[PDB]
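Asker: Before we start, here is the structure in question, set down as structure tokens.
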Amino acid sequence: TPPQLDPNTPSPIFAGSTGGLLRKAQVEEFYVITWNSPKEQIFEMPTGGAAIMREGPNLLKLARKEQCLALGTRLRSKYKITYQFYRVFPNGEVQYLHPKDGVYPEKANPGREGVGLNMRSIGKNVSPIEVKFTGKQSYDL
Amino acid sequence: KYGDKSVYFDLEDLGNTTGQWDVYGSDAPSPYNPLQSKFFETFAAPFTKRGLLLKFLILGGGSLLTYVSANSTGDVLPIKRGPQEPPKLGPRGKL
Amino acid sequence: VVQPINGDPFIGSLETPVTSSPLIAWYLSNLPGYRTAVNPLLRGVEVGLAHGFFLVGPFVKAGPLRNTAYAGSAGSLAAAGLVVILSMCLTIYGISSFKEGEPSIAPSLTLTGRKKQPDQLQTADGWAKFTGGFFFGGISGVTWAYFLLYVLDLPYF
Amino acid sequence: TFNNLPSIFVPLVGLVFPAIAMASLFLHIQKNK
Amino acid sequence: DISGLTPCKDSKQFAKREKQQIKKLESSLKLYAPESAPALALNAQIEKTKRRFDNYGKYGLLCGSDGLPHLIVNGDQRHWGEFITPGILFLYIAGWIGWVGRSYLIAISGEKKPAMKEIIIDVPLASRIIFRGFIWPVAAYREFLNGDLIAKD
Amino acid sequence: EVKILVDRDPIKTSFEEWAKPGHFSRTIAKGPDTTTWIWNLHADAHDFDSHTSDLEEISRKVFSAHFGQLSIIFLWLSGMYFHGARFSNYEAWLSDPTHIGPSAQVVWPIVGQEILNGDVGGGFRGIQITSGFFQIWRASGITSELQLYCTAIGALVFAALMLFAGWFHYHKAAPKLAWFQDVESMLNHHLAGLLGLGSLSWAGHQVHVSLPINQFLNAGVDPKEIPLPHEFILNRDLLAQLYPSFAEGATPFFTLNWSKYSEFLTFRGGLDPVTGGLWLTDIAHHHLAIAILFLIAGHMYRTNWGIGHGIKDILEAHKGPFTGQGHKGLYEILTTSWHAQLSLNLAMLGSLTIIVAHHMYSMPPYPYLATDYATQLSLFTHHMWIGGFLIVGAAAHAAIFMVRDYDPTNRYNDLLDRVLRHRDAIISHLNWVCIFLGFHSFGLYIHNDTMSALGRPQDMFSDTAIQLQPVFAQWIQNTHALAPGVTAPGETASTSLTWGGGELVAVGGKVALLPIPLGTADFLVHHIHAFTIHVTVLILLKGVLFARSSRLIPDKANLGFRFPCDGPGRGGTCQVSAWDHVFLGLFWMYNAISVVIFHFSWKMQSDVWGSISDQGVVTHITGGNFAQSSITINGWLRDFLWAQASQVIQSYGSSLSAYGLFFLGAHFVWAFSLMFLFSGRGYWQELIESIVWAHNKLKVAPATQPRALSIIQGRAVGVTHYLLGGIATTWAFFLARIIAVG
Amino acid sequence: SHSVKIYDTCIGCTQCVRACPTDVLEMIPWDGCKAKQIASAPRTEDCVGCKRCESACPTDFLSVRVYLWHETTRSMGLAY
Ligand code: CLA
Ligand code: CLA
Ligand code: CLA
Ligand code: CLA
Ligand code: CLA
Ligand SMILES: CC1=C(C/C=C(\C)CCC[C@H](C)CCC[C@H](C)CCCC(C)C)C(=O)c2ccccc2C1=O
Ligand code: SF4
Ligand code: SF4
């Protein structure tokens, strides 16, 4: 699927907190989540406090992926809205992150490939003596 | 547009969104008198070179420290005085 | 009376009456830590003078031989030693942070958003100038307060 | 000057050598080739 | 007289300990009226002390230089009553317990949810199983010979 | 309006739920798959907010549970009054309350424990108690074991009454949420009726019983030939001869001629010199005035009629200079969260317990309490520990509110949101002031140790050295020593004698509170106290504020209040939960209260408690060594811990052998706790699975599968044994020392 | 950063993915189980290491398996 192309949409009504983007946004990547709220309502944002998300499109810039996905799961489970967040490096190159196929990762969409997948039971891994003095570990054959 | 109503994600102006503002950095010009400034700029330039300042501070601090400790008479610090008392015997004679 | 930082409510701070008052923003902008336009050496001299002029107080009036005759004469040497420690500290900080020639890592723009010139203090040569200024001004202030403690008559601390 | 030698070396190993080692190892800690 | 220990009926330090404790009790007995109840309790404690020391005298306890009954647990018959005759009396009783609680665990092993009888003990079943461990040593012996003592996995 | 609002027979009284264990929840009312089931049964036993998700059933449960607790407290009181009746030397203590140790416990002579029955005095062999109950009973004018026996039967009656009341208010006729949620009536009644009329009726007891009997006992009277209280009520000539103010009657009261009632309701400040307690005339006037105060205070909130205040009406209309637009929604969270109310009430109840300790050591209200040094030490130590524990519980329940009973959607508050928003500023500045306090108190102690060890006592922080004098507390002592002459002229003497003056109320060969001086060591240890308190507040407030989300775990409220971790990721999240923060704040409350009671015991044993000679010079227990030894940690180790713990090692033999024993065992259990705090469940589960192999090899495999303790349960067992062992060590130490010296 | 390797004992219950707070995991089609799906792990560079994936894996020991490894700023749970 094509990504959703993060626009300059508005943000929630928040009075400011001490949970924002300190330096991991200035020099490293920071994150941004966008959700379409059917109505204006209050929600507990993951950086501490309580914001009021607006009707229609909302946009909230967060410091790490766990904040974004925690807020997204609370949105999808409590307000039942469809979230999708990105990762914006300090030079640009906004990376589409969460669904990665349009459908949520709990659904087995075709096309996504098997990466990080061993075709063996967990106790058939060789011992560390087999992979000693080799850059590989006991779980990468 | 960062200056819109509750828009804080202008992607080309990513310094205002990341929080790259100088909270207190004033670009106001030199406040000191230029002659005082020239005096300090000429008299402190020898300390500007870092690799020659680290070496200088090491070999000057260690020198002053190993010197002022050496020529410290027995009035500043008592470790260089001595016992200045008859040494008392230990338990069990001395052992 | 409290306001989110620069209007942006998702940066980790707040415009309070403590960090955003005009008295504070005048005080904390016109002191040598934030004189971003002047070269780092003069403001470093100011910082060193302000930190060496007072550091002699604790060493001279609370030192190990403050109650003896070498109270100021040794406390001032101790303060000069702490200045020679801290100039070394700033030196190794500037060496580990900024290597030799990179541009400034400082905040580029101001609060309003105008394209302020980057602070040269956060450069290698700039912080080196700041180290030299701190060392010179610190020994200067230590010796000046040593001069004043025995010249000028005070009831002391 | 042999009772003065502790006064030379105890600072030089205990104050000066620790400053040297701490500075040098802090530079080695933050170096980047 | 084994291990360089005089017997306690002959040890002077043992009698001195007796007299010291008795004087320590009598010095607390003077503060009370001779017919009062604290005084009678102290006197009962005094007779208890005296017959305790007499019984440690007559039962072959050995007293050291400190003057305290030492236990010779090696195997000398004269002192089996110090360790082995109690010890068997332990291994019986202890082996009663383990032979009971094991047998119970085998009797509630074949239930549907056998964990709700661990926390809620079947008192009839436990009372039937408790006296099975009276003569437990022959049951454990035979179950060792029959192989029923060790599970075969 | 405020109706009765109860329902009949909500829950059927039966033993069916006694049979099936763990009935109260979904995951426990199945049976034990493992042995963790038992621990989770007891852990969630009183977690009523987890059993049923409605405030009605929760509120009924906690109401009847409070009735059970009241039945237990009445049963315990019945026990104490009864042990004071039949197993005590209370008469012999009344005859000579200076050389007869208060004893109300006798042991059975079975295995040599009869030596714990000590020569306490009075022809009685028993355990010297330290609860000060004898002092309460002399403050009540008891003077007979019949009265203690009948009030013990009355407390048993009240225990049965409270148990029946809990049964009735759960199983037969239980209130519903409209009864609990109304709080204007609850406050009005608990103020005017519980605390107002309670103090009124206690003042009535004192005016009619305690004052005459205590005046007789102070004048010198055998408690057997003392007139009974009902003789003071009925025979007017008797009480009138005690106080002629009674001869006029209540026409002094109703004509507002109270000036003639100043024979038995005096404002006589200070302590009673004859007995060392406070003046019971002053205490009767106190409880009377407190009754008037709480009676006019309990008519403040609007319940059913037009007059009064609405707590909602107050809080939603309380604008002010600093965030007064808030305070809206607090009536919602406090009337819909038992955990919020439990947190607030525990905070203030524990702080009141600490206030109680601090005001009972210094203004000893009972007669012959100040000279029973075991009673004073035990009371201060006890109520200090109780206050610290209750404050740490305030933390736990603030956290449980923050996780479970916090919904910004429905129940929103401006102030709590503003606190959660800048919570990092809170915890950062509190961490800073904790570091600052740790340095400029304990580092002062370390400087003192180093200087005294380097032979530089001129460089220490002491009175004979660099002086850090508490100028502010010294100024307060100077004022309150001079307060009753100018600022409070109604008082003939100061409220307390800890301030200053030529006042030393000795009752016998014992001091009872001379003026406590404040030197450099008192500055140092008070800043240690501020330090330990600030670190406890750091840990606890941090767990409270970060109970929901953080920069580390932004979904912590979904993990729960009481969870171990969120795995070794993010570097590690081992003690990230708010439960883990109260678990650490328990250790810091322990450190805080232990150094508090150490300060107390040493300061009193060095500067206050002692003997008074026939020449008029006081000889203290330790001998005034607090100003010179309590500046160094070596002095606390030497002049306090090593020196005062001589009576607990020489305790063996004399009655105090138990205190000797409870020393070492307490020393053990503390260390036994270190098996739990240091370790982790994985090692113990693997050891247990090896032992389970050893059990499968003998057909003795259990069906309740042996599992190592939960991680949170390992931490709970650890902090539990740690507090028990440390506190019992200190209890044995304190009681042995102070019963063997004063 | 970390190394979240999964094994073929997975049954396709989709609980490891529904517990993952960083979208490391995602169900793919597969033919080795009744549910005909298995849980891949493309975004291992986003893994914090919280092991909620394997505290929700209902196998005899485990199918999803987190091996802690080189810790980056994303794997050290750092918002700064
Ligand atoms: C932390 C508590 C503490 C304190 C208060 C002291 C205090 C002192 N020590 Mg001790 N010491 C301590 C801990 C402490 N020590 C510990 C823990 C150890 C062993 C590990 C020692 C071991 C020790 C030795 C062996 C010796 C001392 C000595 C001294 C004295 C001289 C210190 C010195 O050189 O001045 C230098 C002091 C400074 C540079 C302090 C500057 C701080 C300024 C005042 C802060 C101002 C902040 C300001 C208010 C900020 C806001 C305003 C701003 C915005 C402008 C002094 C009395 C010496 C002695 O014997 O003399 C009596 C000595 O020989 N100390
Ligand atoms: C004998 C009379 C009786 C009977 C048959 C019942 C029967 C029942 N009650 Mg009721 N109840 C009673 C008296 C009775 N109750 C009284 C007197 C009170 C007031 C305290 C209550 C208060 C009460 C509440 C608040 C609740 C129940 C509930 C229940 C049900 C569950 C019982 C259970 O599993 O707990 C059995 C538990 C025990 C036997 C433990 C006894 C604990 C006592 C009170 C304290 C003892 C503490 C001890 C002194 C300290 C420990 C010392 C130790 C370390 C040595 C069941 C229908 C629950 C219910 O139906 O809700 C779902 C419920 O929530 N009861
Ligand atoms: C003026 C009347 C009055 C009085 C005296 C009290 C007193 C008390 N209430 Mg309150 N309460 C009142 C009115 C009153 N309440 C009203 C109107 C409501 C509804 C809004 C409540 C709702 C309420 C709750 C929800 C709870 C209490 C609790 C308590 C007890 C707290 C424990 C304590 O301090 O122990 C001091 C102990 C005593 C003074 C001993 C008590 C002995 C007497 C017999 C009972 C007090 C009178 C009482 C109201 C019963 C009246 C007669 C009854 C037959 C109807 C205390 C006994 C708590 C408690 O402990 O639960 C049981 C609790 O959870 N009350
Ligand atoms: C008014 C007082 C009060 C009240 C009503 C409550 C009520 C509650 N607390 Mg809170 N709490 C309090 C005080 C209070 N607590 C204090 C003072 C502290 C500080 C220690 C705490 C700390 C605390 C924590 C940290 C937690 C609770 C939890 C709970 C809930 C369940 C407790 C449970 O089921 O355990 C039932 C009872 C037990 C398991 C018995 C505990 C055994 C104690 C600790 C041993 C000590 C006994 C004795 C002194 C030692 C000698 C014993 C001897 C036999 C050897 C319940 C809502 C839990 C909760 O809500 O989590 C969801 C929870 O995690 N509380
Ligand atoms: C004696 C044991 C000990 C010590 C020294 C500490 C020390 C500390 N704890 Mg810890 N803690 C301990 C046991 C201890 N803890 C235990 C057993 C627990 C069990 C639960 C905890 C739990 C715990 C928690 C949960 C918290 C702390 C906190 C703190 C800090 C508060 C004080 C502070 O920083 O002031 C200054 C430092 C001290 C007072 C420590 C002693 C240093 C002395 C004064 C002298 C220093 C000399 C100097 C630096 C020279 C060094 C030598 C040189 C060669 C470099 C500090 C790091 C709090 C914290 O970190 O936040 C503020 C906090 O929240 N602790
Ligand atoms: C010692 C220890 C254990 C092992 C502790 C055990 C499993 C708990 C103690 C259980 C008791 C001994 C069970 C026996 C009591 C039964 C009720 C049986 C009674 C029958 C007779 C024994 C009377 C942990 O599981 C643990 C977990 C996490 C951190 C630290 C630790 C830790 O330190
Ligand atoms: S060590 Fe224990 S508490 Fe820490 S992360 Fe691992 S499981 Fe969690
Ligand atoms: S939790 Fe385990 S079994 Fe379930 S989908 Fe993930 S890997 Fe497969």
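In the structure tokens, chains take letters A, B, ... by order of appearance, with residues numbered from 1 within each chain and ligands from 1 in the order shown.
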Taking only C-alpha atoms into account, what are the residues of chain G at most 7 Å from chain F, put as a count of residues only?

Answerer: 9

Asker: To check your reading of the model: which residues sit at most 12 Å from ligand 8 when counting only C-alpha atoms and all ligand atoms? Write the answer as JSON, numbers by chain.

Answerer: {"A": [105, 106, 107, 108, 116, 117, 118, 121, 122], "G": [4, 5, 6, 7, 8, 9, 10, 11, 12, 13, 14, 15, 16, 17, 18, 19, 20, 24, 25, 26, 27, 28, 29, 30, 32, 33, 34, 35, 36, 37, 38, 39, 40, 41, 51, 52, 53, 54, 55, 56, 57, 58, 59, 60, 61, 62, 63, 64, 65, 66]}

Asker: If DSSP is run on the backbone, what residues of chain B are helix (DSSP H, G or I)? A reply as JSON, numbers by chain would be ideal.

Answerer: {"B": [14, 15, 16, 17, 18, 34, 35, 36, 37, 38, 39, 40, 41, 42, 43, 45, 46, 47, 50, 51, 52, 53, 54, 55, 56, 57, 58, 59, 60, 61, 62, 63, 64, 65, 66, 67, 68, 78, 79, 80]}

Asker: So that I have them on file, write out the residues from the current selection with C-alpha atoms, as a short mmCIF file (atom, residue, chain, number, x, y, z; two decimals), in the first residue's frame.

Answerer:
data_model
loop_
_atom_site.label_atom_id
_atom_site.label_comp_id
_atom_site.auth_asym_id
_atom_site.auth_seq_id
_atom_site.Cartn_x
_atom_site.Cartn_y
_atom_site.Cartn_z
CA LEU B 14 11.87 21.35 11.68
CA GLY B 15 13.79 23.48 14.18
CA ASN B 16 10.59 25.00 15.53
CA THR B 17 8.91 21.58 15.80
CA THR B 18 11.85 19.76 17.39
CA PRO B 34 36.29 47.35 22.88
CA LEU B 35 39.61 48.23 24.53
CA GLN B 36 38.94 45.95 27.50
CA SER B 37 37.87 43.32 24.96
CA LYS B 38 41.10 43.77 22.99
CA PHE B 39 43.12 43.49 26.20
CA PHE B 40 41.48 40.20 27.13
CA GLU B 41 41.70 38.94 23.54
CA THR B 42 45.46 39.51 23.44
CA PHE B 43 46.26 38.42 27.02
CA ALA B 45 44.99 34.05 23.47
CA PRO B 46 47.93 31.94 24.80
CA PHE B 47 45.37 29.81 26.66
CA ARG B 50 43.39 23.33 23.81
CA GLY B 51 46.09 20.74 23.19
CA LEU B 52 48.59 23.26 24.59
CA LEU B 53 46.22 24.19 27.44
CA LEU B 54 45.62 20.64 28.67
CA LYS B 55 49.35 19.92 28.67
CA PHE B 56 50.06 23.27 30.31
CA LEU B 57 47.47 22.77 33.04
CA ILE B 58 48.68 19.23 33.74
CA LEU B 59 52.39 20.08 33.90
CA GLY B 60 51.71 23.34 35.77
CA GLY B 61 49.22 22.09 38.33
CA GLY B 62 51.32 19.03 39.07
CA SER B 63 54.42 21.22 39.30
CA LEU B 64 52.82 23.74 41.66
CA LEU B 65 51.32 20.93 43.74
CA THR B 66 54.52 18.89 44.08
CA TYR B 67 56.37 22.16 44.79
CA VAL B 68 54.13 23.84 47.38
CA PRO B 78 51.26 18.91 60.52
CA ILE B 79 52.24 15.79 58.56
CA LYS B 80 55.54 17.52 57.70
#

Asker: Within 9 Å of ligand 2, which residues show up when you count only C-alpha atoms and all ligand atoms? List them as a VMD selection string, please.

Answerer: chain F and resid 10 to 25 46 48 51 to 52 57 to 72 160 162 to 171

Asker: At a cut-off of 6 Å around ligand 3, and using only C-alpha atoms and all ligand atoms, what residues come up? Please write them as a ChimeraX atom specification.

Answerer: /F:63,66-67,179-180,182-183,185-186,189-190,193-194

Asker: Write the selection just made, keeping N, CA and C atoms, as a PDB file, in the first residue's frame?

Answerer:
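Saved file part_21.pdb follows:
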ATOM      1  N   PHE F  63     -17.413  -0.998  54.687  1.00  0.00           N
ATOM      2  CA  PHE F  63     -18.130  -0.587  55.887  1.00  0.00           C
ATOM      3  C   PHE F  63     -18.178  -1.721  56.904  1.00  0.00           C
ATOM      4  N   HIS F  66     -14.754  -2.321  58.313  1.00  0.00           N
ATOM      5  CA  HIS F  66     -14.451  -1.387  59.389  1.00  0.00           C
ATOM      6  C   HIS F  66     -15.135  -1.820  60.671  1.00  0.00           C
ATOM      7  N   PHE F  67     -16.327  -2.402  60.555  1.00  0.00           N
ATOM      8  CA  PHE F  67     -16.977  -2.933  61.750  1.00  0.00           C
ATOM      9  C   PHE F  67     -16.191  -4.095  62.336  1.00  0.00           C
ATOM     10  N   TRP F 179     -25.991   6.431  50.391  1.00  0.00           N
ATOM     11  CA  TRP F 179     -25.714   6.643  51.805  1.00  0.00           C
ATOM     12  C   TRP F 179     -24.259   7.010  52.054  1.00  0.00           C
ATOM     13  N   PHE F 180     -23.336   6.377  51.331  1.00  0.00           N
ATOM     14  CA  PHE F 180     -21.923   6.688  51.496  1.00  0.00           C
ATOM     15  C   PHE F 180     -21.539   7.954  50.746  1.00  0.00           C
ATOM     16  N   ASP F 182     -23.033  10.678  50.168  1.00  0.00           N
ATOM     17  CA  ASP F 182     -23.299  11.906  50.898  1.00  0.00           C
ATOM     18  C   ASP F 182     -22.278  12.000  52.025  1.00  0.00           C
ATOM     19  N   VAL F 183     -21.508  13.080  52.011  1.00  0.00           N
ATOM     20  CA  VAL F 183     -20.379  13.263  52.914  1.00  0.00           C
ATOM     21  C   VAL F 183     -20.544  14.479  53.804  1.00  0.00           C
ATOM     22  N   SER F 185     -23.191  14.972  55.545  1.00  0.00           N
ATOM     23  CA  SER F 185     -23.743  14.369  56.749  1.00  0.00           C
ATOM     24  C   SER F 185     -22.688  13.571  57.495  1.00  0.00           C
ATOM     25  N   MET F 186     -21.846  12.842  56.763  1.00  0.00           N
ATOM     26  CA  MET F 186     -20.794  12.068  57.408  1.00  0.00           C
ATOM     27  C   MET F 186     -19.844  12.978  58.171  1.00  0.00           C
ATOM     28  N   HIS F 189     -21.656  14.623  61.267  1.00  0.00           N
ATOM     29  CA  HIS F 189     -21.827  13.703  62.380  1.00  0.00           C
ATOM     30  C   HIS F 189     -20.493  13.329  63.007  1.00  0.00           C
ATOM     31  N   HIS F 190     -19.473  13.071  62.188  1.00  0.00           N
ATOM     32  CA  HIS F 190     -18.175  12.719  62.732  1.00  0.00           C
ATOM     33  C   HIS F 190     -17.505  13.895  63.424  1.00  0.00           C
ATOM     34  N   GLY F 193     -20.823  14.902  66.438  1.00  0.00           N
ATOM     35  CA  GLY F 193     -21.219  13.758  67.231  1.00  0.00           C
ATOM     36  C   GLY F 193     -20.097  12.843  67.666  1.00  0.00           C
ATOM     37  N   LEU F 194     -19.224  12.440  66.749  1.00  0.00           N
ATOM     38  CA  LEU F 194     -18.128  11.566  67.151  1.00  0.00           C
ATOM     39  C   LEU F 194     -17.083  12.346  67.932  1.00  0.00           C
TER      40      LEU F 194
END

Asker: For residue 9 of chain C, please output as number ranges by chain all residues within 12 Å (counting only C-alpha atoms; exclusion window: fewer than 6 positions along the same chain).

Answerer: A: 11-21, 45, 47-51, 60-62; B: 6-8, 17-19; C: 2-3, 15; F: 421-422

Asker: Could you take the residues named above and write them with N, CA, C and O atoms, as a compact mmCIF listing (two decimals), in the first residue's frame?

Answerer:
# COMPACT_ATOMS: atom_id res chain seq x y z
N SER A 11 -3.42 19.83 15.95
CA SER A 11 -3.01 19.07 17.11
C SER A 11 -4.08 19.12 18.19
O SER A 11 -5.01 19.92 18.11
N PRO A 12 -3.99 18.27 19.22
CA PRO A 12 -4.94 18.35 20.32
C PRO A 12 -4.76 19.62 21.14
O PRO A 12 -3.72 20.27 21.11
N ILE A 13 -5.80 19.95 21.90
CA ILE A 13 -5.75 21.05 22.85
C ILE A 13 -5.06 20.54 24.11
O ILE A 13 -5.63 19.74 24.86
N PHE A 14 -3.82 20.97 24.33
CA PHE A 14 -3.05 20.58 25.49
C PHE A 14 -2.34 21.79 26.06
O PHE A 14 -1.82 22.63 25.31
N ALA A 15 -2.33 21.89 27.38
CA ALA A 15 -1.75 23.02 28.08
C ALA A 15 -0.25 22.88 28.31
O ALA A 15 0.34 23.72 29.00
N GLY A 16 0.39 21.86 27.74
CA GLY A 16 1.81 21.68 27.89
C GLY A 16 2.20 20.87 29.10
O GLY A 16 1.61 21.02 30.17
N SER A 17 3.18 19.99 28.94
CA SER A 17 3.70 19.17 30.02
C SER A 17 5.20 19.03 29.89
O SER A 17 5.81 19.43 28.89
N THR A 18 5.79 18.44 30.92
CA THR A 18 7.21 18.09 30.96
C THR A 18 7.43 16.65 30.52
O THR A 18 8.04 15.85 31.23
N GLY A 19 6.93 16.31 29.33
CA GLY A 19 7.05 14.97 28.80
C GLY A 19 7.28 14.96 27.30
O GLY A 19 7.01 13.96 26.63
N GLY A 20 7.79 16.06 26.77
CA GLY A 20 7.89 16.27 25.34
C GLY A 20 9.23 15.88 24.75
O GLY A 20 9.89 14.94 25.20
N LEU A 21 9.63 16.63 23.73
CA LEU A 21 10.78 16.32 22.89
C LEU A 21 11.97 17.15 23.38
O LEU A 21 12.10 18.33 23.06
N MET A 45 -3.01 11.36 27.40
CA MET A 45 -1.90 11.21 26.48
C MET A 45 -0.69 10.60 27.19
O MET A 45 -0.53 10.78 28.40
N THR A 47 2.44 11.12 27.52
CA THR A 47 3.47 11.95 28.14
C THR A 47 3.01 12.57 29.45
O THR A 47 3.59 13.58 29.88
N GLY A 48 2.00 12.01 30.10
CA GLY A 48 1.50 12.55 31.34
C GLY A 48 0.54 13.69 31.13
O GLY A 48 0.83 14.61 30.36
N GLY A 49 -0.60 13.64 31.80
CA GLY A 49 -1.62 14.65 31.71
C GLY A 49 -2.85 14.16 30.97
O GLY A 49 -3.14 12.96 30.90
N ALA A 50 -3.58 15.11 30.41
CA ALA A 50 -4.81 14.81 29.67
C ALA A 50 -5.04 15.89 28.64
O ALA A 50 -5.18 17.07 28.99
N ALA A 51 -5.08 15.50 27.38
CA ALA A 51 -5.33 16.39 26.26
C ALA A 51 -6.72 16.14 25.70
O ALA A 51 -7.37 15.13 26.00
N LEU A 60 -0.10 14.49 16.84
CA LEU A 60 0.64 14.60 18.08
C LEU A 60 2.05 14.07 17.86
O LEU A 60 2.22 12.94 17.39
N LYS A 61 3.05 14.89 18.19
CA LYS A 61 4.45 14.52 18.02
C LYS A 61 4.99 14.03 19.35
O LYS A 61 4.94 14.75 20.35
N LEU A 62 5.50 12.80 19.35
CA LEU A 62 5.95 12.11 20.55
C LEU A 62 7.42 11.75 20.40
O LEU A 62 8.00 11.83 19.32
N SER B 6 -2.59 25.92 16.13
CA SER B 6 -2.36 24.58 16.66
C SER B 6 -1.81 23.64 15.59
O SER B 6 -2.21 22.47 15.49
N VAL B 7 -0.89 24.15 14.78
CA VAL B 7 -0.06 23.34 13.89
C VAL B 7 1.38 23.51 14.35
O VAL B 7 1.90 24.63 14.39
N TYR B 8 2.02 22.39 14.69
CA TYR B 8 3.37 22.39 15.24
C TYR B 8 4.26 21.37 14.55
O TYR B 8 5.17 20.82 15.17
N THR B 17 9.69 22.74 15.36
CA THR B 17 8.91 21.58 15.80
C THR B 17 9.70 20.70 16.75
O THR B 17 9.13 20.15 17.70
N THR B 18 11.00 20.54 16.51
CA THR B 18 11.85 19.76 17.39
C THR B 18 12.18 20.50 18.68
O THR B 18 12.58 19.85 19.66
N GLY B 19 12.03 21.82 18.71
CA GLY B 19 12.39 22.60 19.87
C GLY B 19 13.84 23.02 19.87
O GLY B 19 14.54 22.89 20.88
N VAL C 2 0.55 30.63 33.64
CA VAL C 2 1.44 29.61 33.09
C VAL C 2 1.00 29.31 31.67
O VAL C 2 -0.20 29.34 31.36
N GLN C 3 1.97 29.02 30.81
CA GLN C 3 1.80 28.97 29.37
C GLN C 3 2.67 27.84 28.83
O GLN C 3 3.80 27.66 29.31
N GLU C 15 6.25 27.65 29.68
CA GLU C 15 6.48 29.07 29.94
C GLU C 15 5.80 29.41 31.26
O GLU C 15 4.58 29.59 31.31
N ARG F 421 1.26 17.01 34.73
CA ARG F 421 1.90 17.57 33.55
C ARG F 421 3.35 17.95 33.84
O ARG F 421 4.26 17.55 33.12
N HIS F 422 3.58 18.71 34.92
CA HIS F 422 4.92 19.12 35.32
C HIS F 422 5.52 18.20 36.37
O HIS F 422 6.41 18.60 37.12

Asker: For the strand (DSSP E or B) assignment from backbone DSSP, which residues of segment 1-126 of chain A qualify? Please present them as number ranges by chain.

Answerer: A: 13, 30-37, 41-43, 51-53, 56-62, 83-89, 92-96, 117-118

Asker: Would you compute the distance between atom CA of residue 280 of chain F and atom CA of residue 217 of chain F? Give it in Å to one decimal.

Answerer: 12.5 Å

Asker: Write as a ChimeraX atom specification the residues around ligand 4, taking 9 Å as the cut-off and counting only C-alpha atoms and all ligand atoms.

Answerer: /F:39-50,62,65-66,338-339,342-343,345-346,349-350,386-397,399-400,560-562,578-583,586,712,716-717,719-721,723-724

Asker: Can I get the residues close to ligand 6 as a list in words, where close means within 8 Å and we count only C-alpha atoms and all ligand atoms?

Answerer: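 Using only C-alpha atoms and all ligand atoms, I find these residues within 8 Å of ligand 6: residues 673, 674, 675, 676, 677, 678, 679, 680, 681, 682, 683, 684, 685, 688, 706, 707, 708, 709, 710, 711, 712, 713, 714, 715 and 718 of chain F.
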
Asker: May I have the residues within 6 Å of ligand 1, computed using only C-alpha atoms and all ligand atoms, as a ChimeraX atom specification?

Answerer: /C:55,58-59,62-64 /F:439-440,443-444,446-447,459

Asker: What lies within 7 Å of segment 268-273 of chain F using only C-alpha atoms, ignoring chain neighbours under 5 positions off, as a VMD selection string?

Answerer: chain F and resid 278 to 279 282 491 to 497 505 to 507

Asker: Quick one: pull the distance between atom CA of residue 25 of chain A and atom CA of residue 80 of chain G, Å, one decimal.

Answerer: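 That distance, rounded to one decimal, is 7.8 Å.
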